[PDB]
Structure formats: C-alpha cells, structure tokens
Amino acid sequence: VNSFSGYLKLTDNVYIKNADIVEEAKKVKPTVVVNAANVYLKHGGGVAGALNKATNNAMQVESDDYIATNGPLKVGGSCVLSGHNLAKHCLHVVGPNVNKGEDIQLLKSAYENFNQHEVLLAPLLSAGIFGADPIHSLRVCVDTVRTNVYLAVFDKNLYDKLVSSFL
Ligand SMILES: Cn1ncc2ncnc(NS(=O)(=O)Cc3ccc(CC#N)cc3)c21
C-alpha cells in the first residue's frame, strides 16, 4: 500500500490520473518522479520546465553540473539525480522527440529505464511537445514497464481519450 490517490487502474502495474505531474509530486513526495528530459538536461518547457520551475531552478543547476562532468545522455537513456523538493530522486528519461527526427523505436528503450525502480510517478513519454502519438506511448508503456507506474497526464481531453481507447 502506497500513497497515490484517485488513480484509475489500467493493468496489473500501470495506473493513470488526469493531473499535472508537479502537483502530484508536491502532494505525494514519491521515491521517484520521472522527468521528460532531453539529452542536454535543458529544462525549459513541458514537464521538464514545470518540474524545474517548481524546484526554483535547483534541478537545472544540478543538471548543468551533471552534463559538465558526464556529457549528454543518449536518446532512450536516463540518469538518476536529486528529486529536490518534489521526490527523493528524479529519473531523467530521454524519449525520442519526433520533431527532431528521433527514432520512435527508441521509445521502448526509454520506458525500459523505468524497470530499474519499483514504483514511479511518471508522465506519458514523448507526448505533448515531443510530437509522438500518445495512444502509442501508453501502449509501449504498458507493454514495456513491469514495475509499478503512476501516470499523470495534464490534458483532460487526452486523459479521457487515453482511458476510453485503451485496449
Ligand atoms: C507539460 N506538463 N506540465 C506538467 C505536466 N504533467 C503531466 N503531463 C504534462 N505534459 S505531457 O506529458 O506532454 C501530457 C500532455 C499534455 C498536454 C497535451 C496537449 C496536446 N496536444 C498533450 C500531452 C505536463
């Protein structure tokens, strides 16, 4: 028994809620919140900018030090950094951005990172400003992640469409 509330059950291990991931993080303070990162960990907009703003830019400061030491992530890759005031840890995961020509087949590799964590609060990878088909992202999530994932999807029209079209 964990502290996530009002999530709707999709499968044995995947749950979904119509919510802003930052609001969920601040209320739950989960062990792991997933960021929809890019390879440079430049958190300007979308999930990354919303989370970073909620940390008062501390996420960006930590991320810049990480990149200066380690170089960029891979598309499909991830790193674990602090969750600051939102979570114990933030798992920064790079989904393919279809707006930059990045291979959609890398979405499965991106979701595989979630399997290294028993429970995660996460957004729908490559959705919204990343330009991928969201029904597709949810399908890949369900078929790839085996650990317990709590999805927060800001868009009500997206949330209703995702639930009502789910197979
Ligand atoms: C950006 N942002 N900020 C907080 C937060 N929490 C959960 N989801 C987010 N965005 S999202 O993952 O891309 C899901 C999403 C949101 C909106 C749309 C509209 C279109 N078309 C499509 C898809 C969030």
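FYI, the numbering just counts along the sequence from 1. Every number for a ligand or one of its atoms is a count from 1 in the order of the listing. The analysis underlying the following values was restricted to heavy atoms, covering all of them including side chains, and did not include hydrogens, waters or symmetry mates.
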Starting at CG of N113, measure out to NE2 of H92 and round the result to the nearest 0.5 Å.
12.5 Å

Please say whether more than 12 non-hydrogen atoms of neighbouring residues, nucleotides or ligands are located less than 6.0 Å from CG in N70.
yes

Please indicate whether any nitrogen or oxygen in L158 is less than 3.5 Å from any nitrogen or oxygen in ligand 1.
no

Determine, using heavy atoms of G46 and all atoms of ligand 1, whether some pair is separated by less than 4.0 Å.
yes

How far is atom 3 (N) of ligand 1 from its nearest protein heavy atom, and which residue and atom is that?
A50 CB, 3.7 Å

Begin with the C-alpha distance, continue with both residues' side-chain angles, and end with the deciding distance and a verdict on side-chain contact (heavy atoms from CB on, under 4.5 Å) for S126 and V140.
CA-CA 11 Å; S126 297; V140 180; over 6 Å; no

Which part of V47 is near ligand 1, with near meaning a heavy atom under 4.0 Å away: side chain, backbone, both or neither?
both

Centres of the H89 and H117 rings: under 6.0 Å?
no

Look at the side-chain heavy atoms of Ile, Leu, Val, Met, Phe, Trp and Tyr, link any pair under 4.5 Å apart, and say whether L162 and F114 land in one connected group.
yes

Numbered atoms of ligand 1 (with element) below 4.0 Å of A127, judged on heavy atoms
13 (O)

Tell me whether atom 21 (N) of ligand 1 lies less than 4.0 Å from at least one protein heavy-atom position.
no

Shortest protein heavy-atom distance from atom 6 (N) of ligand 1, along with the residue and atom involved:
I21 N, 3.0 Å

Assign the ring pair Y7 / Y150 to parallel, tilted or perpendicular, where the plane angle (0 to 90°) is split at 30° and 60°.
perpendicular

Close-contact set for ligand 1 against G128 heavy atoms, below 4.0 Å:
13 (O), 22 (C), 23 (C)

Under the 4.0 Å line, does any protein heavy atom show up next to atom 24 (C) of ligand 1?
yes

For atom 4 (C) of ligand 1, closest protein heavy-atom neighbour
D20 OD1, 3.1 Å

Going by the closest heavy atom to atom 7 (C) of ligand 1, which one wins out of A54, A152, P123?
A152

Using only atom types and a distance under 3.5 Å, with no angle test, would you say the side chain of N18 pairs donor to acceptor with the backbone of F154?
yes

heavy-atom search around atom 17 (C) of ligand 1 in the protein gives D155 CB, 3.6 Å

Are the side chain of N99 and the backbone N or O of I129 linked by a donor-acceptor pair below 3.5 Å?
yes

